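S.K.: This is the structure alone, sequence omitted:
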Ligand SMILES: [Mg+2]
Ligand SMILES: [Mg+2]
């Protein structure tokens, strides 16, 4: 069911059970929330999903304890991809009404799962991706990508690359979810927003690729 946005518990970050899961923990990014909502949990292990918040101001989505990040891992064009994604209860822009729900994502591109060298970064912005190829070292704290979440007049929120330090969140990976949670993430209508790591995952990787 769709439940109150504050009734979806944070999904604790489990230990990584295989090499895929360990890689996604290793490359977990930092996020600098410049304005708007903090990230919240979108789904619980029973498959209930967040109702978000009505766009009618971000005081209602500032709870630091609700932090969560998602990932899903795959491959495209012989490259290894880890998509990290954040859900916010609303897009609360600097100007304008905004929307209930927000989903954004970055992709960390590696040469392969063993060498695990970062070759590029992609960050979702409106209907496309910003791309840093080769990955600009100023956007990396070691192997930790530094991402911003910000709205600039007259636009809604977008991700971007930043030199600024950010914060990290407990990571739950698609591969570690219950089936009920995967099913709910596939089927649920998030209105203006769309889960970017459901059955559209490969299509998103194609769009994020650094051609
Ligand atoms: Mg609250
Ligand atoms: Mg948005």
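M.R.: Yes, it's here. Residues are numbered from 1 along each chain as shown. Ligands and ions are numbered 1, 2, ... in the order given.
S.K.: How many residues are close by the residue nearest to residue 178 when sequence neighbours are not counted?
M.R.: Spatial nearest neighbour of residue 178, excluding adjacent residues (Cβ to Cβ, 6 or more residues apart in numbering): residue 45 at 4.6 Å. Where C-beta positions appear, they are placed from N, C-alpha and C, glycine not excepted. For residue 45, the tally of surrounding residues (other Cβ atoms under 10 Å) stands at 14.
S.K.: just the residues of this structure that are near ligand 2, which are they?
M.R.: Contact residues (Cβ under 5 Å from the ion) of the chain with ligand 2: 91, 102, 156-157.
S.K.: With secondary structure and distance to ligand 1 as added columns, please give the residues you listed in TSV.
M.R.: Converted to TSV, those look like this (DSSP: H, G, I helix; E, B strand; the rest coil; distance: Cβ to the ion, whole Å):
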residue	secondary structure	distance to ligand 1
91	strand	17
102	strand	16
156	coil	22
157	coil	19
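S.K.: For those residues, work out which two are farthest apart.
M.R.: Spatial extent of these (Cβ to Cβ) is set by the pair 102 and 156 at 8.3 Å.
S.K.: Overlap in contacts, those two.
M.R.: Common neighbours of residue 102 and residue 156 are listed as residue 91 (criterion: Cβ atoms under 8 Å, 6 or more residues apart in numbering).
S.K.: The two: who's more crowded?
M.R.: When residue 102 and residue 156 are compared for neighbours, residue 102 comes out ahead with 26 against 19, by other Cβ under 10 Å.
S.K.: so which of the residues of the chain next to ligand 2 comes closest to residue 10?
M.R.: Set against residue 10, the nearest of the residues of the chain next to ligand 2 by Cβ to Cβ is residue 102 (17.4 Å).
S.K.: which residues does that closest one contact?
M.R.: Contact analysis of residue 102 by Cβ under 8 Å, 6+ apart lists 36-37, 86-91, 157, 193.
S.K.: okay if I get those as JSON lines plus distance to residue 148, secondary structure and neighbour count?
M.R.: Listed next are these as JSON lines, based on distance: Cβ to Cβ, whole Å; DSSP: H, G, I helix; E, B strand; the rest coil; neighbours: other Cβ atoms under 10 Å:
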{"residue": "36", "distance to residue 148": "11", "secondary structure": "coil", "neighbour count": "22"}
{"residue": "37", "distance to residue 148": "14", "secondary structure": "coil", "neighbour count": "27"}
{"residue": "86", "distance to residue 148": "12", "secondary structure": "strand", "neighbour count": "26"}
{"residue": "87", "distance to residue 148": "17", "secondary structure": "strand", "neighbour count": "26"}
{"residue": "88", "distance to residue 148": "14", "secondary structure": "strand", "neighbour count": "28"}
{"residue": "89", "distance to residue 148": "19", "secondary structure": "strand", "neighbour count": "28"}
{"residue": "90", "distance to residue 148": "18", "secondary structure": "strand", "neighbour count": "27"}
{"residue": "91", "distance to residue 148": "15", "secondary structure": "strand", "neighbour count": "26"}
{"residue": "157", "distance to residue 148": "10", "secondary structure": "coil", "neighbour count": "27"}
{"residue": "193", "distance to residue 148": "18", "secondary structure": "coil", "neighbour count": "19"}
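S.K.: All set, thanks.
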